[PDB]
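Any value given below was found using the heavy atoms of this structure, including those in side chains, with hydrogens, waters and symmetry copies removed. Ligands are counted one by one from 1 in listed order, and the atoms in each one are counted from 1 as well. Naming: A, B, ... by sequence-line order, numbering from 1 per chain.
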Number of protein chains: 2
Amino acid sequence: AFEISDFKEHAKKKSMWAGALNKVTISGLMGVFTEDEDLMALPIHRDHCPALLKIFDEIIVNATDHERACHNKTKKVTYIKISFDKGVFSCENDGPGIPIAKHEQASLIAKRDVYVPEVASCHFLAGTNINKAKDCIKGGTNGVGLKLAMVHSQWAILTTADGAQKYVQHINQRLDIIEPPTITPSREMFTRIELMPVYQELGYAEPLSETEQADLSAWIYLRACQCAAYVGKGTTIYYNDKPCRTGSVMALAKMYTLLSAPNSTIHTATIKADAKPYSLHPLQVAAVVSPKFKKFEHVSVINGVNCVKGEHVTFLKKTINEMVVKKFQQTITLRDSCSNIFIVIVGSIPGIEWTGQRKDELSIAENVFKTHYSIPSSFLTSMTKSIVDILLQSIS
Amino acid sequence: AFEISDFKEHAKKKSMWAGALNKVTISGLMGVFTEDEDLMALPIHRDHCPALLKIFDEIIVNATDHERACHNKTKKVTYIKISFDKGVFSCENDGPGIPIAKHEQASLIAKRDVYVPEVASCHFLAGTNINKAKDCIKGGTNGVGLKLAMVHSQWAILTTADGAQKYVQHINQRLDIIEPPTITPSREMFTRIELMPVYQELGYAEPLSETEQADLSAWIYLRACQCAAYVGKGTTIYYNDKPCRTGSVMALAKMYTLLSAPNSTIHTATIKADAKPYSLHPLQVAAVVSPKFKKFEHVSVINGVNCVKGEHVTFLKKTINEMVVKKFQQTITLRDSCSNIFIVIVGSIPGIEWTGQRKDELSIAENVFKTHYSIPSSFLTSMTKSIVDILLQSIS
Ligand SMILES: Nc1ncnc2c1ncn2[C@@H]1O[C@H](COP(=O)(O)OP(=O)(O)O)[C@@H](O)[C@H]1O
Ligand SMILES: Nc1ncnc2c1ncn2[C@@H]1O[C@H](COP(=O)(O)OP(=O)(O)O)[C@@H](O)[C@H]1O
């Protein structure tokens, strides 16, 4: 009755690692769909497997982490190329590869030669963020993300090149089969992850049905677009070799409001702080205010992660509400004030935590914002004007 | 740069296991405070450490799981006794103890004698729920909760008795020191966990400040009260030897609305399903509708867990909204409809998953509810009456 699991078997069975391991209703699930030349972010009203979307997310975030790590180095990440076709998922970045070197600790443990990329891909609780600096703005921390991808893959190929050498390793059958790597001379420099998920075990058809394929493609496309607003100005994001043309919070904002409120006004702000480390990390905001928005809604990309809850949002909500209360009273709750707002927040916040491995919710003291950050008054004033206009109509 | 962690060190560093490992703002944090003979559930507007509250929760849920496991057995759980004093936390339940027996697998691994309760308390990814039945309604699943308690304890004592024997083991210094157990003859039968958290490392004063102590006590008290509404009718919950007098969703409802809306009307429902396993697990609901409630709010206790998000809520929201739309239109969005509702939902739901180890959000297909459950019409009608009254006032 009292059983002992290993990581591998536990990760295949337990929702704690990446969420539900079958299809469920995911609140606010969205994808990108192409209408003509327009990108449109649209709700996907079908159940999907959270753990499946997470494995994609884990590799995408590994790539955006490498971009942040290299942005102030000589050798940079210039591209992240994400592909999805015939059920196969791939993510490729340039910049320095994963070190092609024996890992001593790992080699002693396994009583054989294990190289760093094998530890990166097959060893649980392992990576370069195990001792994360209080100021680190990478999403990486747990040393788990890539191994979960592997464990939810029927086959996987890791390829990395360090400018001197190339390293190819096959990991198959949910991490049960770790093939010895193939190492050859090379002057290329990149890292590619390629895999086929265990769709059947995760509640999908094999191969994917038409709707499953279209939903997943739309979802991944939108994550790529979110990634492209986050990443530094020297990096291009591709989805199936097409550049993602959403390098700004404005572009995201329009894409999410194209159907609901086209030809609308976009309030913008860069939210800054005076003290390091916060002062290194401005937050870009775009917001739309429309009477045909039903409730408050936000899209957050923080430290490369598409989280759905955090005090960063609350900070904007309350600040806006305070002003909207005043200006309304003069002219004539936190929900009344904000139910017509759709807002996009993109940037880095150092020293945050999370509520789980999935990073759906960031964890922080509200007072970080009160103490350190100010929202430009022009943005507050603009938003208050538009909100109050709408409040004066319904009354009238 | 590429480090390998063990569970122990990882759990002390990483928010994925139990949430933030320092004080942060916790949305909707509440405690129970005594005003005269009245219990009052009140907001705690100070930052607290989520991981700290979780370790309490993990042991409390282990006890409520044992109550569910034994409720249809001959030897039952008749009490759960929760204590908090001088910083020391304890939880004691009767009913069958944890087996006082050598664990063979664990003994081979450690190359010595390890008994089951040591595996229960010190071995990660281990327990009786590793292979959880599709119909299991226990919160337990990960085989991690008790080990996290231990890892966040400067000292801990596990005591269990199986009617023939008693077993006492000390686990100290964040699970670094596992003392050999003391086994003696006994005819008692129970399990007690007693521990002192590492408050300093989690961002509290040592000892606790006045406000820290009062906040934590209020929080634990309220979790005990939540536990008492959940547990079977043969079980009494105690907090510091005082019975928690909240054995019904009505009592919870009043306790949460005593300050905001005393002497108010409580709409009640038992939500049932025709098909097993759902039909075994009725959901008890109490709701209050008041104009001086600012937004929609719920309190959920599901499978013994105080989760803050799930489709169970959404099911009630939408069903209520549909009716409120109709009845309003006749007389003359999902937010308008529901912003005056405060609702309590308590019961078991089989075969759910979660978004993380913390179990803040349950994961399920919305269609489970549409397919299997019906909300009694009298309750829907009552709620619609009260909601529409309030909608006709603001207009007027
Ligand atoms: N695309 C990549 N480029 C460079 N290094 C990578 C890449 N993907 C993964 N890594 C390395 O592999 C380690 C293990 O990855 P993962 O298990 O996802 O852990 P983490 O929590 O650090 O993201 C990372 O910490 C990083 O050092
Ligand atoms: N109070 C208790 N009474 C009986 N058994 C218990 C109790 N607390 C813990 N256990 C046992 O110890 C195991 C390990 O506990 P834990 O690590 O919390 O795992 P789980 O995820 O199963 O709750 C449980 O699965 C259960 O079998």
Side-chain angles (χ1 to χ4, degrees), chain A residues 1-3 5 14 16 55 57-67 69-70 77 80 91-99 116-117 119-130 132 136 138-150 158 160 162 190-193 304 357 359, chain B residues 1-3 5 14 16 55 57-67 69-70 77 80 91-99 116-117 119-130 132 136 138-150 158 160 162 190-193 304 357 359:
Chain A
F2 278 78
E3 309 189 81
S5 193
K14 299 307 179 172
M16 50 154 296
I55 64 161
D57 180 53
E58 293 292 353
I59 295 157
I60 286 165
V61 159
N62 287 346
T64 75
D65 282 354
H66 199 49
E67 185 281 318
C70 298
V77 179
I80 300 172
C91 193
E92 186 181 312
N93 67 256
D94 62 341
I98 306 179
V116 165
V119 178
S121 60
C122 307
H123 210 116
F124 275 84
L125 314 187
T128 53
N129 304 300
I130 295 304
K132 189 184 191 64
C136 177
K138 300 200 233 157
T141 180
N142 299 318
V144 125
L146 183 54
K147 275 71 56 159
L148 294 170
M150 296 304 98
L158 184 156
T160 198
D162 66 2
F190 66 104
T191 298
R192 187 166 59 238
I193 310 291
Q357 208 294 300
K359 307 189 178 83
Chain B
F2 278 78
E3 309 189 81
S5 193
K14 299 307 179 172
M16 50 154 296
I55 64 161
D57 180 53
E58 293 292 353
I59 295 157
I60 286 165
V61 159
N62 287 346
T64 75
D65 282 354
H66 199 49
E67 185 281 318
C70 298
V77 179
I80 300 172
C91 193
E92 186 181 312
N93 67 256
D94 62 341
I98 306 179
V116 165
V119 178
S121 60
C122 307
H123 210 116
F124 275 84
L125 314 187
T128 53
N129 304 300
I130 295 304
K132 189 184 191 64
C136 177
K138 300 200 233 157
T141 180
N142 299 318
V144 125
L146 183 54
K147 275 71 56 159
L148 294 170
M150 296 304 98
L158 184 156
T160 198
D162 66 2
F190 66 104
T191 298
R192 187 166 59 238
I193 310 291
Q357 208 294 300
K359 307 189 178 83

## Note on the structure
Correct closest heavy-atom pair for B/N129 and B/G140 would be CB-O, 3.6 Å
### Query
How about A/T191 and A/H66: do any of their side-chain heavy atoms sit closer than 4.5 Å?
no
### Query
Looking at side-chain heavy atoms only, is the closest gap between A/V61 and A/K359 below 4.5 Å?
no
### Query
Strictly under 4.0 Å, does any heavy atom of B/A69 approach an atom of ligand 2?
no
### Numbered atoms and elements of ligand 1 in range of B/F2, under 4.0 angstrom, heavy atoms
11 (C), 12 (O), 13 (C), 27 (O)
### Query
Near B/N142, which atoms of ligand 2 are under 4.0 Å from a heavy atom of that residue?
21 (O)
### Query
Looking at atom 27 (O) of ligand 2, what's its closest protein heavy atom, distance included?
B/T128 OG1, 2.7 Å
### Query
Does a side-chain heavy-atom distance below 4.5 Å link A/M150 with A/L146?
yes
### Task
For ligand 2, indicate whether the residue B/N93 contacts it via side chain, backbone, both or neither (heavy-atom separation under 4.0 Å).
side chain
## Note on the structure
A student checking ligand 1 against A/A120 at a 4.0 Å heavy-atom cut-off should list atoms 12 (O), 14 (C)
### Query
For A/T141, is at least one N or O under 3.5 Å away from an N or O on ligand 1?
yes
### Message
Out of all atoms in ligand 2, which are within 4.0 Å of some heavy atom of B/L146? Include the element for each.
### Response
16 (P), 17 (O), 18 (O)
#### Entry: Short N or O distance, B/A63 and ligand 2, threshold 3.5 Å exclusive
no
#### Entry: Any side-chain heavy-atom pair of A/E58 and A/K147 under 4.5 Å
no
### Task
Could you tell me whether a side-chain N or O of B/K14 sits under 3.5 Å from a main-chain N or O of A/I130, the two making a donor and an acceptor?
yes
### Query
At a 4.0 Å cut-off, with the gap strictly under it, does some heavy atom of A/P96 reach an atom of ligand 1?
no
### Query
Can you tell me if A/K147 has a non-hydrogen atom under 4.0 Å from ligand 1?
yes
### Query
From B/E92 CD over to B/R192 CZ, what is the distance, rounded to the nearest 0.5 angstrom?
5.0 Å
### Task
Please write down residue, atom name and distance for the protein heavy atom closest to atom 23 (O) of ligand 2.
B/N62 OD1, 3.0 Å
### Task
Please write down residue, atom name and distance for the protein heavy atom closest to atom 14 (C) of ligand 2.
B/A126 O, 3.5 Å
### Query
Does some side-chain heavy atom of B/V77 sit less than 4.5 Å from a side-chain heavy atom of B/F190?
no
### Summary
Near B/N129 (heavy-atom distance under 4.0 Å), the atoms of ligand 2 are 22 (O), 25 (O)
### Message
Side chains of B/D162 and B/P99, heavy atoms from C-beta outward: is any pair under 4.5 Å?
### Response
no
### Task
Ignoring hydrogens and angles, tell me if any N or O in the side chain of A/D65 forms a donor-acceptor pair with the backbone of A/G139 under 3.5 Å.
yes
### Task
Decide whether an N or O pair under 3.5 Å exists between A/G143 and ligand 1.
yes
### Task
Flag A/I98 as yes when one of its N or O atoms lies below 3.5 Å from any N or O atom of ligand 1, and as no otherwise.
no
### Task
Side-chain contact test, heavy atoms from C-beta onward, threshold under 4.5 Å: evaluate it for B/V144 versus B/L125 and give yes or no.
yes
### Task
Using a 4.0 Å heavy-atom threshold (strictly under), name the region of A/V144 that reaches ligand 1: side chain, backbone, both or neither.
backbone
